[PDB]
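Counting from 1, the numbers follow the sequence of the chain as shown. Only this structure's heavy atoms are used, side chains among them; waters, hydrogens and symmetry mates stay out.
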Amino acid sequence: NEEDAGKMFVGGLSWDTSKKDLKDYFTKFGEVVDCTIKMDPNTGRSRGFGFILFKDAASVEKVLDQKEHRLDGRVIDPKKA
C-alpha cells in the first residue's frame with residue numbers, strides 16, 4: 001500500500017461543509033480518527049477536497065460499497081487515498 005489503508009480522499013466538497021460536518025457524515029461507516037479539508041497555502045481558499053482517517057481500515061470498503069454519497073446538498077466523491 002502507498003497510503004495508509006484507513007485513509008480516503010473525498011472530492012466534490014461543498015464550501016459550507018465544515019471539518020465537523022465531514023467527520024459526522026463518515027461516522028456512519030466507522031470511527032473517524034481525524035479528517036481534513038485541504039486549503040490552498042497561497043490563497044487560504046479551499047481546494048474543494050479533503051481526507052478522512054478511519055480507526056479500522058475495514059470501514060473504507062463499506063464507504064466504497066455505497067455507490068452514491070451526498071453531503072450538504074452535493075454529490076461527494078470518496079476514494080481509497
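Residues satisfying the side-chain contact (heavy atoms from CB on, under 4.5 Å) criterion with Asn42, sequence neighbours excluded, are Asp40. Partners of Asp21 under the side-chain contact (heavy atoms from CB on, under 4.5 Å) rule, at least two apart in sequence or in another chain, are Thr17, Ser18, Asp72. The salt bridge (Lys or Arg N to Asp or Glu O under 4.0 Å) test applied to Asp56 returns no partner, not counting sequence neighbours. With sequence neighbours excluded, the residues satisfying side-chain contact (heavy atoms from CB on, under 4.5 Å) with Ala57 are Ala5. In terms of the side-chain contact (heavy atoms from CB on, under 4.5 Å) criterion, residue partners of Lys28 (sequence neighbours excluded) are, by chain and number, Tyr25. Partners of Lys19 under the salt bridge (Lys or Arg N to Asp or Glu O under 4.0 Å) rule, at least two apart in sequence or in another chain, are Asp34.
To the nearest 0.5 angstrom, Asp24 atom CG is 9.0 Å from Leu71 atom CG. Annotation: the span from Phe49 atom CZ to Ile76 atom CD1 amounts to 14.5 Å, rounded to 0.5 Å. Between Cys35 atom SG and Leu53 atom CG the span is 9.5 Å, to the nearest 0.5 Å. To the nearest 0.5 angstrom, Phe51 atom CZ is 6.0 Å from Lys38 atom NZ. Between the NZ atom of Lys62 and the CZ atom of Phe54 there is a distance of 9.5 Å, given to the nearest 0.5 Å. One finds the CD1 atom of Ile37 at 13.5 Å from the CZ atom of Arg47 (value rounded to the nearest 0.5 Å).
When all heavy atoms are compared, the tightest approach of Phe9 to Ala81 is N-CB, 3.9 Å. When all heavy atoms are compared, the tightest approach of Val63 to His69 is O-NE2, 2.8 Å.
Looking at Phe26 and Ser59, their side chains never come closer than 4.5 Å, going by heavy atoms from C-beta outward. The shortest side-chain heavy-atom distance between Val10 and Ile52 falls under the 4.5 Å cut-off.
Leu64 and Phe29 fall within the same hydrophobic cluster, where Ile, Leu, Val, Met, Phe, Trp and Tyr residues are linked whenever their side-chain heavy atoms come under 4.5 Å apart, directly or through other members.
Checked by atom type and distance alone, the side chain of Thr36 never pairs as donor or acceptor with a backbone atom of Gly50 at under 3.5 Å.
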